[PDB]
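Text of my_file_21.pdb (PDB, C-alpha atoms and all ligand atoms) as supplied:
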ATOM      1  CA  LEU A   7       9.202  73.126 -12.292
ATOM      2  CA  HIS A   8      11.728  75.879 -11.671
ATOM      3  CA  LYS A   9      15.449  76.278 -11.375
ATOM      4  CA  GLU A  10      16.994  77.604  -8.149
ATOM      5  CA  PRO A  11      20.554  78.690  -7.452
ATOM      6  CA  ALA A  12      23.273  76.529  -5.944
ATOM      7  CA  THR A  13      27.106  76.610  -6.002
ATOM      8  CA  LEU A  14      29.496  73.722  -6.382
ATOM      9  CA  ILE A  15      31.180  72.474  -3.211
ATOM     10  CA  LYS A  16      32.800  69.297  -4.615
ATOM     11  CA  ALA A  17      32.322  66.744  -7.393
ATOM     12  CA  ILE A  18      31.739  63.271  -5.877
ATOM     13  CA  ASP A  19      30.956  60.749  -8.659
ATOM     14  CA  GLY A  20      28.877  60.411 -11.858
ATOM     15  CA  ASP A  21      25.530  60.922 -10.209
ATOM     16  CA  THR A  22      26.243  62.626  -6.833
ATOM     17  CA  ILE A  23      27.556  66.159  -6.305
ATOM     18  CA  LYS A  24      28.099  68.244  -3.203
ATOM     19  CA  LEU A  25      26.391  71.607  -3.647
ATOM     20  CA  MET A  26      25.501  74.547  -1.442
ATOM     21  CA  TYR A  27      21.730  75.107  -1.636
ATOM     22  CA  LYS A  28      20.018  77.916   0.332
ATOM     23  CA  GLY A  29      23.358  78.412   2.038
ATOM     24  CA  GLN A  30      23.689  74.810   3.345
ATOM     25  CA  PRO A  31      26.004  72.057   2.157
ATOM     26  CA  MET A  32      24.105  69.071   0.737
ATOM     27  CA  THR A  33      24.884  65.992  -1.306
ATOM     28  CA  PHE A  34      22.577  65.887  -4.334
ATOM     29  CA  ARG A  35      21.678  62.626  -6.111
ATOM     30  CA  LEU A  36      20.651  63.150  -9.753
ATOM     31  CA  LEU A  37      17.028  62.246 -10.466
ATOM     32  CA  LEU A  38      16.080  59.511 -12.946
ATOM     33  CA  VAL A  39      19.618  58.235 -13.683
ATOM     34  CA  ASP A  40      22.213  55.711 -12.540
ATOM     35  CA  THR A  41      25.866  56.000 -13.284
ATOM     36  CA  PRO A  42      28.224  53.101 -12.643
ATOM     37  CA  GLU A  43      30.020  53.225  -9.255
ATOM     38  CA  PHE A  50      33.654  54.462  -9.547
ATOM     39  CA  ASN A  51      34.795  50.813  -9.175
ATOM     40  CA  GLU A  52      32.667  49.598 -12.141
ATOM     41  CA  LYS A  53      33.188  49.879 -15.889
ATOM     42  CA  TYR A  54      32.561  53.483 -17.133
ATOM     43  CA  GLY A  55      32.487  54.589 -13.470
ATOM     44  CA  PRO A  56      35.641  56.693 -13.712
ATOM     45  CA  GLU A  57      34.409  58.156 -17.029
ATOM     46  CA  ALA A  58      31.068  59.087 -15.573
ATOM     47  CA  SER A  59      32.719  60.741 -12.584
ATOM     48  CA  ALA A  60      35.046  62.715 -14.787
ATOM     49  CA  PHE A  61      32.177  63.763 -17.088
ATOM     50  CA  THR A  62      30.089  65.162 -14.238
ATOM     51  CA  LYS A  63      33.123  66.701 -12.564
ATOM     52  CA  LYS A  64      34.159  68.574 -15.736
ATOM     53  CA  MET A  65      30.628  69.706 -16.383
ATOM     54  CA  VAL A  66      30.068  71.153 -12.882
ATOM     55  CA  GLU A  67      33.613  72.571 -12.356
ATOM     56  CA  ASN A  68      33.553  74.406 -15.695
ATOM     57  CA  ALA A  69      30.100  75.902 -15.091
ATOM     58  CA  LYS A  70      29.702  79.574 -14.329
ATOM     59  CA  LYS A  71      26.211  78.918 -12.965
ATOM     60  CA  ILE A  72      24.880  75.811 -11.240
ATOM     61  CA  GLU A  73      21.141  75.400 -10.654
ATOM     62  CA  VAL A  74      18.982  72.756  -9.064
ATOM     63  CA  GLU A  75      15.483  71.891  -9.992
ATOM     64  CA  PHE A  76      13.315  69.828  -7.698
ATOM     65  CA  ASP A  77      10.504  67.725  -9.065
ATOM     66  CA  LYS A  78       6.931  67.503  -7.654
ATOM     67  CA  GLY A  79       7.579  64.740  -5.124
ATOM     68  CA  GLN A  80      10.114  63.981  -2.518
ATOM     69  CA  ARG A  81      13.063  66.374  -2.340
ATOM     70  CA  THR A  82      15.389  64.288  -0.201
ATOM     71  CA  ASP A  83      16.004  60.569  -0.178
ATOM     72  CA  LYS A  84      16.295  58.191   2.776
ATOM     73  CA  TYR A  85      20.054  59.034   3.008
ATOM     74  CA  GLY A  86      19.347  62.807   3.299
ATOM     75  CA  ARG A  87      20.577  63.382  -0.285
ATOM     76  CA  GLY A  88      18.762  66.095  -2.247
ATOM     77  CA  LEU A  89      16.916  64.718  -5.293
ATOM     78  CA  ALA A  90      17.024  67.111  -8.237
ATOM     79  CA  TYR A  91      17.810  67.803 -11.797
ATOM     80  CA  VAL A  92      21.079  69.712 -11.828
ATOM     81  CA  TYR A  93      21.964  72.250 -14.561
ATOM     82  CA  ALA A  94      25.369  73.598 -15.570
ATOM     83  CA  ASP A  95      25.153  76.843 -17.562
ATOM     84  CA  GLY A  96      21.636  75.800 -18.513
ATOM     85  CA  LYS A  97      22.501  72.236 -19.662
ATOM     86  CA  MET A  98      21.024  69.400 -17.607
ATOM     87  CA  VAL A  99      23.730  67.117 -16.200
ATOM     88  CA  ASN A 100      21.234  64.216 -15.814
ATOM     89  CA  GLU A 101      20.345  64.388 -19.538
ATOM     90  CA  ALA A 102      23.921  64.934 -20.673
ATOM     91  CA  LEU A 103      25.130  61.769 -18.845
ATOM     92  CA  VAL A 104      22.385  59.725 -20.446
ATOM     93  CA  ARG A 105      23.022  61.156 -23.908
ATOM     94  CA  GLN A 106      26.691  60.206 -23.700
ATOM     95  CA  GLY A 107      25.981  56.609 -22.630
ATOM     96  CA  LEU A 108      27.477  57.270 -19.159
ATOM     97  CA  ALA A 109      24.209  56.734 -17.246
ATOM     98  CA  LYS A 110      21.091  54.582 -17.649
ATOM     99  CA  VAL A 111      17.607  56.003 -17.086
ATOM    100  CA  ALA A 112      16.704  54.481 -13.709
ATOM    101  CA  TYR A 113      14.903  54.970 -10.414
ATOM    102  CA  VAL A 114      11.834  56.397 -12.096
ATOM    103  CA  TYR A 115       9.427  56.860  -9.176
ATOM    104  CA  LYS A 116       5.847  58.071  -9.744
ATOM    105  CA  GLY A 117       5.502  61.762  -8.919
ATOM    106  CA  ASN A 118       9.178  62.621  -9.349
ATOM    107  CA  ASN A 119       9.385  61.861 -13.031
ATOM    108  CA  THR A 120       8.766  65.122 -14.886
ATOM    109  CA  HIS A 121      11.765  64.708 -17.252
ATOM    110  CA  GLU A 122      11.421  60.987 -17.829
ATOM    111  CA  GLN A 123      10.579  61.133 -21.494
ATOM    112  CA  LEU A 124      13.312  63.727 -22.249
ATOM    113  CA  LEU A 125      15.873  61.385 -20.699
ATOM    114  CA  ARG A 126      14.546  58.250 -22.412
ATOM    115  CA  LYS A 127      14.851  60.017 -25.776
ATOM    116  CA  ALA A 128      18.505  60.774 -24.933
ATOM    117  CA  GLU A 129      19.102  57.140 -23.908
ATOM    118  CA  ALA A 130      17.632  55.902 -27.181
ATOM    119  CA  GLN A 131      19.998  58.089 -29.104
ATOM    120  CA  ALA A 132      23.048  56.966 -26.983
ATOM    121  CA  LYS A 133      21.998  53.373 -27.622
ATOM    122  CA  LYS A 134      21.712  53.901 -31.383
ATOM    123  CA  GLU A 135      25.190  55.456 -31.369
ATOM    124  CA  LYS A 136      26.412  52.518 -29.265
ATOM    125  CA  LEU A 137      28.123  54.896 -26.842
ATOM    126  CA  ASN A 138      30.036  53.859 -23.769
ATOM    127  CA  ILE A 139      27.724  51.648 -21.635
ATOM    128  CA  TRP A 140      25.889  50.677 -24.886
ATOM    129  CA  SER A 141      29.051  49.675 -26.655
TER     130      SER A 141
HETATM  131  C1  LIG B   1      17.730  58.332  -7.647
HETATM  132  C2  LIG B   1      17.037  57.890  -6.352
HETATM  133  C3  LIG B   1      17.671  56.986  -5.503
HETATM  134  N1  LIG B   1      17.005  56.600  -4.360
HETATM  135  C4  LIG B   1      17.568  55.567  -3.433
HETATM  136  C5  LIG B   1      17.149  54.174  -4.026
HETATM  137  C6  LIG B   1      18.332  53.277  -3.770
HETATM  138  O1  LIG B   1      18.213  52.668  -2.430
HETATM  139  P1  LIG B   1      19.290  51.544  -2.004
HETATM  140  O2  LIG B   1      20.435  52.331  -1.360
HETATM  141  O3  LIG B   1      18.487  50.898  -0.903
HETATM  142  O4  LIG B   1      19.765  50.712  -3.113
HETATM  143  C7  LIG B   1      19.520  54.268  -3.788
HETATM  144  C8  LIG B   1      20.245  54.250  -5.098
HETATM  145  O5  LIG B   1      21.293  55.293  -5.100
HETATM  146  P2  LIG B   1      22.715  55.049  -5.613
HETATM  147  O6  LIG B   1      22.562  54.626  -7.056
HETATM  148  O7  LIG B   1      23.342  56.417  -5.416
HETATM  149  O8  LIG B   1      23.304  53.910  -4.796
HETATM  150  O9  LIG B   1      18.929  55.542  -3.553
HETATM  151  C9  LIG B   1      15.764  57.130  -4.046
HETATM  152  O10 LIG B   1      15.165  56.790  -2.975
HETATM  153  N2  LIG B   1      15.145  58.037  -4.837
HETATM  154  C10 LIG B   1      15.730  58.403  -6.006
HETATM  155  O11 LIG B   1      15.116  59.217  -6.716
HETATM  156 CA    CA B   2      25.075  54.933  -8.910
END

Output the structure of this file as structure tokens.
Amino acid sequence: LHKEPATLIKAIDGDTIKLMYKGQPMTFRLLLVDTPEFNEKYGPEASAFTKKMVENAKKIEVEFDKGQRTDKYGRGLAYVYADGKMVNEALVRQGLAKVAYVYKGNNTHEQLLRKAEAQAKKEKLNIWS
């Protein structure tokens, strides 16, 4: 897989971000994770975590997987990086997202994220507390 450039348009919530990609505004949904909705427990914390991570970043990138690049809502499906750190993994490591929505053929980073989730669970962080 390979990283491509994007720029932040607006934080939305823990697992969706509005980015400009190839010059076009798009909502991206983070592959292989599920944050709580803003109205659920840890929802506000997830949103703030993602927001901080993408607003502080000098460089945003998106990485598509091998399979579908947009979902049925027209959201881009990618791993999103902030100054080289994957947001998807960072949410999971902090106990602010569960590994989820693992579809065959868009699951390149599945085991990386499951290792993060195991460590968040051992530490009893956030969702796992
Ligand atoms: C993460 C992801 C979500 N989706 C769809 C499945 C779910 O459909 P439903 O809307 O029918 O529940 C929805 C979950 O996204 P949200 O967690 O953003 O609601 O997005 C995909 O199709 N592919 C994906 O890779
Ligand atoms: Ca969600």

### Task
Residues within 8 Å of ligand CA 2 (chain B), counting all atoms listed in the file: report them as JSON, numbers by chain.
{"A": [20, 21, 39, 40, 41, 42, 43]}

### Query
If you count all atoms listed in the file, which residues end up within 12 Å of ligand LIG 1 (chain B), as an NGL selection string?
:A and (18-23 or 33-43 or 50 or 55 or 76-91 or 100 or 109-120 or 122)

### Message
As an exercise, work out the distance from atom CA of residue A:73 to atom CA of residue A:9 in Å and give it to one decimal place.
### Response
5.8 Å

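The gap separating atom CA of residue A:8 from atom CA of residue A:30 is 19.2 Å, in Å to one decimal.
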
### Message
To one decimal place in Å, what is the distance between atom CA of residue A:52 and atom CA of residue A:132?
### Response
19.2 Å

Evaluate the PyMOL selection byres (((chain A and resi 10) around 10) and not hetatm) against this structure - the residues, as a PDB file with C-alpha atoms, keeping the file's coordinate frame, please.
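Listed below is the output, out32.pdb:
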ATOM      1  CA  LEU A   7       9.202  73.126 -12.292  1.00  0.00           C
ATOM      2  CA  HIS A   8      11.728  75.879 -11.671  1.00  0.00           C
ATOM      3  CA  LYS A   9      15.449  76.278 -11.375  1.00  0.00           C
ATOM      4  CA  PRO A  11      20.554  78.690  -7.452  1.00  0.00           C
ATOM      5  CA  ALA A  12      23.273  76.529  -5.944  1.00  0.00           C
ATOM      6  CA  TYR A  27      21.730  75.107  -1.636  1.00  0.00           C
ATOM      7  CA  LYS A  28      20.018  77.916   0.332  1.00  0.00           C
ATOM      8  CA  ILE A  72      24.880  75.811 -11.240  1.00  0.00           C
ATOM      9  CA  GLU A  73      21.141  75.400 -10.654  1.00  0.00           C
ATOM     10  CA  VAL A  74      18.982  72.756  -9.064  1.00  0.00           C
ATOM     11  CA  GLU A  75      15.483  71.891  -9.992  1.00  0.00           C
ATOM     12  CA  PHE A  76      13.315  69.828  -7.698  1.00  0.00           C
ATOM     13  CA  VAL A  92      21.079  69.712 -11.828  1.00  0.00           C
ATOM     14  CA  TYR A  93      21.964  72.250 -14.561  1.00  0.00           C
TER      15      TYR A  93
END

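Comparing the minimum interatomic distances between residue A:70 and each of A:121, A:135, A:127, A:13, counting all atoms listed in the file, we find that A:13 sits nearest.
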
### Message
What would the selection look like, as a PyMOL selection string, if the PyMOL selection byres (((chain A and resi 66) around 9) and not hetatm) were run on the coordinates I just shared?
### Response
chain A and resi 14+16-17+23+61-65+67-72+93-95+99

Residue selection dump (C-alpha atoms) as a JSON list (two decimals), keeping the file's coordinate frame:
[["chain", "number", "residue", "atom", "x", "y", "z"],
["A", 14, "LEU", "CA", 29.50, 73.72, -6.38],
["A", 16, "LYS", "CA", 32.80, 69.30, -4.62],
["A", 17, "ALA", "CA", 32.32, 66.74, -7.39],
["A", 23, "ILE", "CA", 27.56, 66.16, -6.30],
["A", 61, "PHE", "CA", 32.18, 63.76, -17.09],
["A", 62, "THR", "CA", 30.09, 65.16, -14.24],
["A", 63, "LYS", "CA", 33.12, 66.70, -12.56],
["A", 64, "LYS", "CA", 34.16, 68.57, -15.74],
["A", 65, "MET", "CA", 30.63, 69.71, -16.38],
["A", 67, "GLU", "CA", 33.61, 72.57, -12.36],
["A", 68, "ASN", "CA", 33.55, 74.41, -15.70],
["A", 69, "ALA", "CA", 30.10, 75.90, -15.09],
["A", 70, "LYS", "CA", 29.70, 79.57, -14.33],
["A", 71, "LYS", "CA", 26.21, 78.92, -12.96],
["A", 72, "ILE", "CA", 24.88, 75.81, -11.24],
["A", 93, "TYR", "CA", 21.96, 72.25, -14.56],
["A", 94, "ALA", "CA", 25.37, 73.60, -15.57],
["A", 95, "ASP", "CA", 25.15, 76.84, -17.56],
["A", 99, "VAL", "CA", 23.73, 67.12, -16.20]]

I'd like the box whose edges run along x, y and z of the file and which contains every listed atom of stretch 63-75 of chain A, padded by 4 Å per side; could you state its centre and edge lengths in Å, one decimal, as AutoDock Vina command-line options?
--center_x 24.8 --center_y 73.1 --center_z -12.7 --size_x 26.7 --size_y 20.9 --size_z 15.3

Missing atoms in stretch 18-31 of chain A need filling: write out N, CA, C and O atoms for it as a PDB file, keeping the file's coordinate frame.
ATOM      1  N   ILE A  18      31.545  64.574  -6.569  1.00  0.00           N
ATOM      2  CA  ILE A  18      31.739  63.271  -5.877  1.00  0.00           C
ATOM      3  C   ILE A  18      31.905  62.128  -6.879  1.00  0.00           C
ATOM      4  O   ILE A  18      33.045  61.591  -7.031  1.00  0.00           O
ATOM      5  N   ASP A  19      30.838  61.763  -7.591  1.00  0.00           N
ATOM      6  CA  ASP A  19      30.956  60.749  -8.659  1.00  0.00           C
ATOM      7  C   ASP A  19      29.943  61.059  -9.783  1.00  0.00           C
ATOM      8  O   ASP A  19      29.480  62.194  -9.870  1.00  0.00           O
ATOM      9  N   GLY A  20      29.637  60.096 -10.636  1.00  0.00           N
ATOM     10  CA  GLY A  20      28.877  60.411 -11.858  1.00  0.00           C
ATOM     11  C   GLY A  20      27.494  60.985 -11.521  1.00  0.00           C
ATOM     12  O   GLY A  20      27.006  61.847 -12.242  1.00  0.00           O
ATOM     13  N   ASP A  21      26.902  60.504 -10.472  1.00  0.00           N
ATOM     14  CA  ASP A  21      25.530  60.922 -10.209  1.00  0.00           C
ATOM     15  C   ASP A  21      25.307  61.555  -8.824  1.00  0.00           C
ATOM     16  O   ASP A  21      24.151  61.720  -8.393  1.00  0.00           O
ATOM     17  N   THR A  22      26.363  61.881  -8.111  1.00  0.00           N
ATOM     18  CA  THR A  22      26.243  62.626  -6.833  1.00  0.00           C
ATOM     19  C   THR A  22      27.200  63.800  -6.838  1.00  0.00           C
ATOM     20  O   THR A  22      28.320  63.656  -7.343  1.00  0.00           O
ATOM     21  N   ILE A  23      26.758  64.938  -6.300  1.00  0.00           N
ATOM     22  CA  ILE A  23      27.556  66.159  -6.305  1.00  0.00           C
ATOM     23  C   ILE A  23      27.286  66.852  -5.001  1.00  0.00           C
ATOM     24  O   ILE A  23      26.122  66.905  -4.555  1.00  0.00           O
ATOM     25  N   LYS A  24      28.321  67.441  -4.398  1.00  0.00           N
ATOM     26  CA  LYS A  24      28.099  68.244  -3.203  1.00  0.00           C
ATOM     27  C   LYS A  24      27.903  69.688  -3.598  1.00  0.00           C
ATOM     28  O   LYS A  24      28.733  70.254  -4.271  1.00  0.00           O
ATOM     29  N   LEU A  25      26.722  70.220  -3.288  1.00  0.00           N
ATOM     30  CA  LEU A  25      26.391  71.607  -3.647  1.00  0.00           C
ATOM     31  C   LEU A  25      25.961  72.377  -2.425  1.00  0.00           C
ATOM     32  O   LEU A  25      25.401  71.807  -1.484  1.00  0.00           O
ATOM     33  N   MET A  26      26.124  73.702  -2.472  1.00  0.00           N
ATOM     34  CA  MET A  26      25.501  74.547  -1.442  1.00  0.00           C
ATOM     35  C   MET A  26      24.150  75.054  -1.943  1.00  0.00           C
ATOM     36  O   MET A  26      24.079  75.696  -2.992  1.00  0.00           O
ATOM     37  N   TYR A  27      23.087  74.798  -1.201  1.00  0.00           N
ATOM     38  CA  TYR A  27      21.730  75.107  -1.636  1.00  0.00           C
ATOM     39  C   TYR A  27      21.045  75.819  -0.471  1.00  0.00           C
ATOM     40  O   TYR A  27      21.161  75.353   0.668  1.00  0.00           O
ATOM     41  N   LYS A  28      20.535  77.024  -0.736  1.00  0.00           N
ATOM     42  CA  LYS A  28      20.018  77.916   0.332  1.00  0.00           C
ATOM     43  C   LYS A  28      21.052  78.062   1.433  1.00  0.00           C
ATOM     44  O   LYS A  28      20.700  78.159   2.610  1.00  0.00           O
ATOM     45  N   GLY A  29      22.324  78.071   1.059  1.00  0.00           N
ATOM     46  CA  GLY A  29      23.358  78.412   2.038  1.00  0.00           C
ATOM     47  C   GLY A  29      23.852  77.215   2.839  1.00  0.00           C
ATOM     48  O   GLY A  29      24.695  77.429   3.699  1.00  0.00           O
ATOM     49  N   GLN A  30      23.373  75.999   2.536  1.00  0.00           N
ATOM     50  CA  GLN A  30      23.689  74.810   3.345  1.00  0.00           C
ATOM     51  C   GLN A  30      24.331  73.761   2.450  1.00  0.00           C
ATOM     52  O   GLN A  30      23.905  73.537   1.296  1.00  0.00           O
ATOM     53  N   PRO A  31      25.363  73.120   2.948  1.00  0.00           N
ATOM     54  CA  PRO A  31      26.004  72.057   2.157  1.00  0.00           C
ATOM     55  C   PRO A  31      25.081  70.833   2.094  1.00  0.00           C
ATOM     56  O   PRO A  31      24.568  70.379   3.126  1.00  0.00           O
TER      57      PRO A  31
END
